[PDB]
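This chain uses plain numbering: 1 for the first residue, then up along the sequence. Values below: all heavy atoms of this structure, side chains included; hydrogens, waters and symmetry mates excluded.
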Amino acid sequence: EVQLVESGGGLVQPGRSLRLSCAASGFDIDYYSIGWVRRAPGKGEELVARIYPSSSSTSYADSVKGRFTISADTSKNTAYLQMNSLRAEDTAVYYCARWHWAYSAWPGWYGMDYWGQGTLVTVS
């Protein structure tokens with residue numbers, strides 16, 4: 001089974017902190033870049049954070065930089081999202097995501113897929 005199960009979330013007052021996790025199963029995270037996408041109420045998905053476990057290279061959304069930090073633990077095949085100084089505009093459903101690129105005829109397909117069971121992060 002290929003799965004990317006999330007944990008954490010909940011109701012929180014602005015300025016407080018939350019920590020999410022992405023437990024990966026069925027595939028190695030070194031060949032992908034894993035992270036989070038958020039779905040604001042009445043909006044499509046947008047990238048939150050993304051880490052390349054092979055290089056620990058990070059990427060964040062501009063409205064998130066300086067406040068969220070993403071890290072990986074390949075020994076457990078999990079990533080972590082430390083959400084500090086939460087704001088009311090961070091209120092969304094957050095989903096564990098993964099990104100990939102592989103030629104099926106060069107240049108190939110750039111791919112993104114996220115697990116459908118997200119967690120609700122609401123800022124009071």
Q.
Under a plain distance cut-off of 3.5 Å, with no hydrogens placed, do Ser17 and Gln82 share a side-chain donor-acceptor pair?
A. yes
Q: Work out which heavy atom in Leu47 is nearest to a heavy atom in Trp99; give both atom names and the distance.
A: CD1-CZ2, 3.5 Å
Q.
Between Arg98 and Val2, does the side-chain contact (heavy atoms from CB on, under 4.5 Å) criterion hold? Intermediate values first, please.
A. CA-CA 12 Å; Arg98 67 174 180 187; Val2 173; 3.6 Å; yes
Q) Would you say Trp101's side chain and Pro107's backbone share a donor-acceptor pair under 3.5 angstrom? A) yes
Q: Show your reasoning for whether side chain to side chain donor-acceptor pair (under 3.5 Å) applies to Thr122 and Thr91.
A: CA-CA 5 Å; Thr122 300; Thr91 295; 5.4 Å; no
Q | Single-linkage hydrophobic cluster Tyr52~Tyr31, side-chain heavy atoms < 4.5 angstrom | A | no
Q) Does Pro53 reach the side chain of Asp30, with side-chain heavy atoms less than 4.5 Å apart? A) yes
Q.
Run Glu1 and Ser25 through side-chain contact (heavy atoms from CB on, under 4.5 Å) and show every step you take.
A. CA-CA 7 Å; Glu1 191 206 40; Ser25 65; 4.2 Å; yes
Q. Any side-chain heavy atom of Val121 within less than 4.5 Å of one from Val93?
A. no
(Q) Looking at every heavy atom in both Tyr60 and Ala49, which two are closest together, and how far apart are they? (A) CD2-CB, 3.7 Å
**Q.** Minimal non-hydrogen separation, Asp90 against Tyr94, with atom names
**A.** O-OH, 2.5 Å
Q: Please check if atom CZ in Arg19 has more than 12 non-hydrogen atoms from other residues, nucleotides or ligands closer than 6.0 Å.
A: yes
Q.
Check for me whether the distance between the ring centres of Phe27 and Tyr32 falls short of 6.0 Å.
A. yes
(Q) If I take atom CZ from residue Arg38 and atom CG from residue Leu20, how far apart are they, to the nearest 0.5 angstrom? (A) 10.5 Å
Q) Rounded to the nearest 0.5 Å, what separation is found between the CD1 atom of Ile51 and the OG atom of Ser57? A) 8.0 Å
Q | Closest heavy-atom pair and its distance - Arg87, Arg67 | A | N-NH2, 3.3 Å
**Q.** Test item: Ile34 and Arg50 side chains (from C-beta on) under 4.5 Å apart, heavy atoms
**A.** no
Q) Atom NZ of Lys65 and atom OG of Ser59: how far apart are they, to the nearest 0.5 Å? A) 8.0 Å
Q: Can you measure from CD1 (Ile29) to OG (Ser54) and round to the nearest 0.5 angstrom?
A: 8.5 Å
Q) Does the side chain of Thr78 come under 3.5 Å of the side chain of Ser21 through a donor N or O and an acceptor N or O? A) no
**Q.** Among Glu6, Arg39, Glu45, the one residue meeting side chain to side chain donor-acceptor pair (under 3.5 Å) with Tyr114
**A.** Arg39
Q | Shortest non-hydrogen separation from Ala24 to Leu4 and the atoms involved | A | CB-CD1, 3.6 Å
Q: Carefully, step by step, assess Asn84 and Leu18 under the rule side-chain contact (heavy atoms from CB on, under 4.5 Å).
A: CA-CA 7 Å; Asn84 295 318; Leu18 273 183; over 6 Å; no
Q: Examine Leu120 and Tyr95 and state if one hydrophobic cluster contains both, with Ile, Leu, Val, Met, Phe, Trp and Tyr joined whenever side-chain heavy atoms are less than 4.5 Å apart.
A: yes
(Q) With side-chain contact (heavy atoms from CB on, under 4.5 Å) as the criterion, how do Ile70 and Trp36 come out once you've worked through the C-alpha distance, each side chain's angles and the decisive distance to 0.1 Å? (A) CA-CA 9 Å; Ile70 183 173; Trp36 279 263; 3.6 Å; yes
Q.
Less than 4.5 Å apart, side chain to side chain, heavy atoms only: is that true for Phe68 and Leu81?
A. yes
Q: Using a 4.5 Å cut-off on heavy atoms from C-beta on, say whether the side chain of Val48 contacts that of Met83.
A: no
Q: Looking only at non-hydrogen atoms, find the nearest pair between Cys22 and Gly35 and report the distance.
A: SG-O, 3.8 Å
